[PDB]
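Notes follow once the structure below has been shown.
Every residue, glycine as well, gets a Cβ built from its backbone with ideal geometry; the counts of neighbours run over all protein chains shown. Read-outs throughout are calculated quantities, based only on the coordinates presented, and are distinct from any laboratory measurement.
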Amino acid sequence: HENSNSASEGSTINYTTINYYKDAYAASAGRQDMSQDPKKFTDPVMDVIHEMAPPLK
Amino acid sequence: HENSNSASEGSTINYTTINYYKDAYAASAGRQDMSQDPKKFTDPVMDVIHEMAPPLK
Amino acid sequence: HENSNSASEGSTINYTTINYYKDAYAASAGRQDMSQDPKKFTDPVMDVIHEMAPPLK
Amino acid sequence: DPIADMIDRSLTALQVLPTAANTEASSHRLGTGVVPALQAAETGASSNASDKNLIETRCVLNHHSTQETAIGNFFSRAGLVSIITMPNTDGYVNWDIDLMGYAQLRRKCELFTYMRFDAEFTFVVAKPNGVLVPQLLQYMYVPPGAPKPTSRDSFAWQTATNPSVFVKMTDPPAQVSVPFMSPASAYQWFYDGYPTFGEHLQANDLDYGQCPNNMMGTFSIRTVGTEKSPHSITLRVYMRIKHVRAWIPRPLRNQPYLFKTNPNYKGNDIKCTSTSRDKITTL
Amino acid sequence: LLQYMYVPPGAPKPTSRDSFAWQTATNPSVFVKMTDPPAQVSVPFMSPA
Amino acid sequence: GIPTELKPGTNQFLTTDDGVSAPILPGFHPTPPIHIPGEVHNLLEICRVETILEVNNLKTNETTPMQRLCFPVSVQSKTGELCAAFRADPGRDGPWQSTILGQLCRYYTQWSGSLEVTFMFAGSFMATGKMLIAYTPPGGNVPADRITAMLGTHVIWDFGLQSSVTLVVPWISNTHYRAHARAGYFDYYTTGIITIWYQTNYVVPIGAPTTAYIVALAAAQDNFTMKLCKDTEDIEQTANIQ
Amino acid sequence: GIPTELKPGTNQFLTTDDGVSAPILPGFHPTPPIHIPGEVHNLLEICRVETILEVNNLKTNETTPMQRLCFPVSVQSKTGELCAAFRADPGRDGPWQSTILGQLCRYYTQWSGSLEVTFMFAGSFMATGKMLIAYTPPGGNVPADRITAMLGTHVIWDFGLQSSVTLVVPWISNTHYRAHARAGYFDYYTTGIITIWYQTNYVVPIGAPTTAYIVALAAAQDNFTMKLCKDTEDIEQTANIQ
Amino acid sequence: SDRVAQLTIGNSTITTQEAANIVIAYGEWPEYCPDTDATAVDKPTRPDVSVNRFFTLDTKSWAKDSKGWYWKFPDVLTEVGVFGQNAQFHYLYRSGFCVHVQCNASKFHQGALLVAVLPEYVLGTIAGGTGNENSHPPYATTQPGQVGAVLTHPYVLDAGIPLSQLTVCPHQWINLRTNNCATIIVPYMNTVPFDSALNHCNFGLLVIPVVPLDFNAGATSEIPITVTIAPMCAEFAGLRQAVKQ
Ligand SMILES: CCCCCCCCCCCCC/C=C/[C@H](O)[C@H](N)CO
């Protein structure tokens, strides 16, 4: 196969990349993932807050 | 197939070489082997020496 | 297929020739055969001569 | 069996190591008799003491690859071997094939004793100031024993058998592949002895170290036309090394080179191997 | 700009730079420039014997 | 035929590019290989072989360079003197430039793993003594006395029948790899200071000489690795060869 | 279309390159082949056919070159004389240039295998004698007498009904192949010296002539091979043909 | 219990009571040439007793300021014994070796020797001092015979490579406080399976004093060094009359 040496190998992007050489960083970018996690930036709070209840009672 | 004439045919390297011509020395280098033998350079000694015992007793 | 028109078609050479056109004389040479017959040039003699016996007795 | 007299081992085998070896955990130790810290360098074997036998270590899983240290990746890089100029003045040059003319590739290849490889040659050609002029050129490789061209329009330029390339100056650079072509089983960069028999004297003292298994003939270029071209030409030759196998490593040279054929050095300024300092106690 | 033309035995030959034989209605011919890579063709075995 | 386009990167000569080229000799066959002993498959097999370290690289030893391989140890009147000190950078100039490891690290840039330093006593048989060999992680300078230097990793050496001891220099660094250390900004990649101290005195009886020597050998451990090949600067070509 | 790039090696005309070219005659058909006897499939079938060796290539035989194919043997008064000597290099100039093997080796560079040399007596019927044909491996010069030359490989020949003997020259060399030997450095690839000596005298009765001749034929054995094709230097073109 | 050793081959026997271990160079035993690698067609000759034995060369004198000595192989054995005769009457040879160096001193001396076997040891000159002469070593320097020659600039080994990394070759130490001998077993290492013995020299043996010899006045000031060698699996081929060189 190819000696896999890229920047994104642990958690990677989609499997449509094209390559003709033996090193994996020569490959194209391809199309990207649609994965996202918002709640570790918009809700970094220990005790969970519900939208219905008062948050400070 | 191809009339095999390379420099490394007896003990060779990995099977990922690309070639379009009929002679095997026109082919690419490819990726290499990971094989190594250190003990014929670091321990060229007839009687085996263990790391725990005294070596000169 | 191709309308076969080469110089060597009756007794031919190896089957590794490459061609992209429709005429067979456009094809490559390829690798050759290892066949040879020495005895019709070194021994053109009716009565068979053995190497052990005297040849003129 | 009328005569009872007539009827009558490798050390270590190789294995693959993709990554560097891990480090296992350890603790302290108090005991007598067993000692890994004491060695004996007199036997010519190197020491086998690891990290865990001297201090206490944790567990470390490393994934450092050893790919860049292979001999294939160390040598497969094109390096300069020749500069050939046509001011020689008759439109052709005959250059003897000797790959020891530039010190940066000579030092790497002299690290091993015996080598076996296939090459790949590339010719980059322009005027002596980098200028480009449309011009037709011809390269011809002459094996040892073949006749050589003596003029710009000799009969040797018909190339009925010889491999040859025709290329222009405005084109991309030419590339060829050369197989392993020695009469012996491997090239050697050192040959201790004389090539011929008979008496060795002071007239034949220059024969020492010239092995004929490395002399590969000559190399000839010319401008194609039968007249005198009005431009100065300069050729640069680059060589890659493929399918490498090597044997019997050597110490590396620490003195600057003097000639292409012998390891002679300058005898007055013997260069010390390390850069000197003032005191032994102060770095 | 250059033109090559192969004339089989029996065919008429061009006698001038602008003759009617240069129309190449049947003859194999190549048109190639000086700055180009060199031309290449393939010829089969064509003897009566 | 098939429609194509040429992309950027056309007609360039890349020296480290790997491709397929046309051959010049069709049907050629090489000489068949024979078994020759001592085949090298990897450059890390050479880096585990110990070579001699040039500790005593003084300015007065440039005209008699056979003395730079041995550094002396003599009878002291006081206690706790230090005998030698040097940096543990295998890539920086200094004592490590004379090794087969120090010359092979110059062809690369980044390295990782642990080292080892083997000392060998070469005095008489009746002589004795004890030495302390310490390795100090960076942050401090060379220690002024023994009671500062014993805080780092250290091994106490005893002369006797076994005349060799190995101080292993363990890999303690913040990054996974280390570049070649130098004065300026690249001293961030420094690795420490190795000193050596008199544990006791060097005691000799009557009739045996009072001055002995110590040779020092250096090698690499099994988890050693390198990357990013470059050229060395130890060699040069100013004048044309031949 | 498909993205591509052009690599180095573009637009070059390599003379030994094998590729596919465009045809000029679509639908053409050749003349059908007939069976013609004597087809050559390989050039080694010619190298096993013996041709005449030119042993007697003296400077006085340049105006009467029919005598260079036969060398004489006469009645001697002394014992142990030598009659001829030459080198066994098939590629070097000299007696081997007149053979079909010596002309076919010039189109190559390296050769291997064993040879053979066949001698044929062409004297009268009543004449007799014995000859010694020796082949000496390199290291020494031509031997001064018979008792030095009999140490190498040698065969004793007897005249009679069978008038032909074959001295086989076995392949004894350090390398697998041999280049073309020459004065200078390439005499390292030399292969030996072949001499021929009087074992007994050449005895003839009354009425039969006292001078006979010997022709010499040369060929190759079955393990002969060649490689690395080049051009010969025996032919030239100084003036233009026609 | 491994400090004593005994080596016997032929009709000779070497014994030692303070010995280090045995070094096999590159971990390969010497052996006869197999049929897969052979190229010569003549049947080889094996004397197998009269050439596989210990031969003792001359004895050098270790002073307080010595430089070092070297011997070229197998030039040292080409004029002695029946091995000196089979190497003169043939064209090809092939043999391994087994080197044994003895040097003994008392418990009141000190010093250290570095023995090493170096293949393809090509010597050089100082190029006329200033470096502009294309000098060449004479025949007496490159092939000294069974006497051996001394070194001039031992820091560069008279070949441009430093002493500091000579231990990459197979090697041992003779430290005067522990042992008194060193022994290496060398196989046959060349690009061709057979070679001439008069025009090719395979390896060189180097004995270089790293730590100088020192003693107090009154002790035995005469320290000798003696080298003893032995071929292992000698074969010969290609018979021809005697040519010495
Ligand atoms: C059209 C192709 C022309 C190029 C022909 C190149 C063939 C010659 C390749 C020689 C391979 C290396 C042989 C010896 C290398 C060194 O010059 C010698 N060892 C000198 O010591």
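A residue that is at the interface with chain G (Cβ under 8 Å from one of its Cβ atoms) and closer than 23 Å to G:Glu45 by Cα occurs nowhere in the range C:17-26. Residue check: is H:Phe203 touching a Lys or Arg at 6+ places or on another chain (Cβ under 6 Å) and within 13 Å of chain D (Cβ to nearest Cβ)? No: the conditions fail for H:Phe203. When F:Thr225, F:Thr175, F:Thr166 are checked against the criterion of being away from chain D (no Cβ under 12 Å) and of a type in the set (S, T, N, Q), a single residue qualifies: F:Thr175.
A quick yes/no check of all residues on (1) within 14 Å of chain H (Cβ to nearest Cβ); (2) under 15 Å from the mean Cα position of the chain (by Cα):
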{"residue": "D:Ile97", "(1), (2)": "no, yes"}
{"residue": "D:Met169", "(1), (2)": "no, no"}
{"residue": "D:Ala184", "(1), (2)": "yes, no"}
{"residue": "D:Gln188", "(1), (2)": "yes, yes"}
{"residue": "D:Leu201", "(1), (2)": "yes, no"}
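Within the range D:167-182, residues that are of a type in the set (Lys, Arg) reach partners that are more than 8 Å from the ligand (Cβ to nearest atom) with beta carbons closer than 9 Å, at six or more positions or on different chains, in the pairs D:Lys168/D:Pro134; D:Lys168/D:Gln135; D:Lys168/D:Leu136; D:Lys168/D:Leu137; D:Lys168/E:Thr35; D:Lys168/E:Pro37; D:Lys168/G:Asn11. Working only within the range C:15-29, note down all residues that are surrounded by 12 or more Cβ atoms within 10 Å (Cβ to Cβ) and either touching an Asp or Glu at 6+ places or on another chain (Cβ under 6 Å) or closer than 22 Å to G:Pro26 by Cα (or both). Within the range C:15-29, C:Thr17, C:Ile18, C:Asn19, C:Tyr21, C:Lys22, C:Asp23, C:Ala24, C:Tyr25, C:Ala26, C:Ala27, C:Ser28, C:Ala29 qualify. What do you reckon, is D:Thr122 touching a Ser or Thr at 6+ places or on another chain (Cβ under 7 Å), within 14 Å of the ligand (Cβ to nearest atom), β-branched (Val, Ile, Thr) and facing chain G (nearest Cβ under 8 Å)? No: the conditions fail for D:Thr122. Taking the numbered list (1) within 14 Å of chain H (Cβ to nearest Cβ); (2) in contact with a strand residue (DSSP E or B) (Cβ under 6 Å, 6 or more places away or on another chain); (3) among the hydroxyl-bearing types (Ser, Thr, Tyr) in turn, F:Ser21 passes all entries but (1).
Taken over the range G:27-36, the criterion of being more than 7 Å from chain E (Cβ to nearest Cβ) and surrounded by 10 or more Cβ atoms within 10 Å (Cβ to Cβ) is satisfied by G:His29, G:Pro33. From the residues in the range F:69-127 that are in contact with a strand residue (DSSP E or B) (Cβ under 7 Å, 6 or more places away or on another chain) and charged (D, E, K, R), which one is surrounded by the most Cβ atoms within 10 Å (Cβ to Cβ)? Residue satisfying both the conditions and the ranking: F:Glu116. When H:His200 is tested against (1) closer than 28 Å to D:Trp189 by Cβ; (2) touching a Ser or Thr at 6+ places or on another chain (Cβ under 9 Å), just one condition goes unmet, and that condition is (2).
Only residues that are among the aromatic types (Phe, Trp, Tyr), assigned to a loop (DSSP other than H, G, I, E, B) and at the interface with another protein chain (Cβ under 9 Å from one of its Cβ atoms) were counted across the range F:178-215, and they come to 0.
Please enumerate the residues belonging to the range D:150-172 that are farther than 26 Å from G:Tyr107 by Cα and within 13 Å of the ligand (Cβ to nearest atom).
Of everything in the range D:150-172, just one residue is farther than 26 Å from G:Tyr107 by Cα and within 13 Å of the ligand (Cβ to nearest atom), namely D:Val167.
Does D:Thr12 meet the test of being in contact with a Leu (Cβ under 9 Å, 6 or more places away or on another chain), of a type outside the set (A, V, I, L, M, F, W, C) and within 30 Å of F:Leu101 (Cα to Cα)? The answer is no for D:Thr12. Residues that are aliphatic (A, V, I, L, M), farther than 24 Å from G:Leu151 by Cβ and within 9 Å of another protein chain (Cβ to nearest Cβ) within the range H:209-245 comprise H:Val210, H:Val211, H:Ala219, listed in sequence order.
Scan the range G:48-59 and tell me whether some residue there is within 14 Å of chain F (Cβ to nearest Cβ) and among the hydrophobic types (A, V, I, L, M, F, W, C). Among the residues of the range G:48-59, not one is within 14 Å of chain F (Cβ to nearest Cβ) and among the hydrophobic types (A, V, I, L, M, F, W, C), which makes the answer no.
Which of the residues that make up the range D:132-146 are outside any loop (DSSP other than H, G, I, E, B), near the ligand (Cβ under 10 Å from one of its atoms) and not β-branched (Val, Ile, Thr)? Those that are outside any loop (DSSP other than H, G, I, E, B), near the ligand (Cβ under 10 Å from one of its atoms) and not β-branched (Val, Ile, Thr): D:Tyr139, D:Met140, D:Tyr141. Pairs linking a residue in the range G:29-43 that is among the hydrophobic types (A, V, I, L, M, F, W, C) to a residue that is in a loop (DSSP other than H, G, I, E, B), with Cβ atoms under 8 Å and 6 or more positions apart or on different chains, are G:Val40/G:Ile46. Per the listing A:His50, A:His1, the residue uniquely within 30 Å of G:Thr4 (Cβ to Cβ) and either among the polar types (S, T, N, Q) or in a loop (DSSP other than H, G, I, E, B) (or both) is A:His1.
Selection within the range D:197-234: residues that are farther than 29 Å from D:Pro183 by Cα and crowded, with 17+ Cβ neighbours inside 10 Å. The member of this set that is farthest from the ligand (Cβ to nearest atom) is D:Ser229.
Table: residues versus (1) of a type in the set (A, V, I, L, M); (2) surrounded by 19 or more Cβ atoms within 10 Å (Cβ to Cβ); (3) within 15 Å of the ligand (Cβ to nearest atom).
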residue: D:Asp96; (1), (2), (3): no, no, yes
residue: D:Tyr102; (1), (2), (3): no, no, yes
residue: D:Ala126; (1), (2), (3): yes, no, no
residue: D:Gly130; (1), (2), (3): no, no, no
residue: D:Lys148; (1), (2), (3): no, no, yes
residue: D:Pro179; (1), (2), (3): no, yes, yes
residue: D:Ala186; (1), (2), (3): yes, yes, yes
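Collect the residues in the range F:38-47 that are within 7 Å of another protein chain (Cβ to nearest Cβ) and not in a strand (DSSP E or B), keeping them in residue-number order. The answer is F:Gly38, F:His41, F:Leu43, F:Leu44, F:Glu45, F:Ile46. F:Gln242 meets the conditions (1) assigned to a loop (DSSP other than H, G, I, E, B); (2) within 8 Å of another protein chain (Cβ to nearest Cβ); (3) touching a strand residue (DSSP E or B) at 6+ places or on another chain (Cβ under 8 Å) in every case but one. The failed one is (3).
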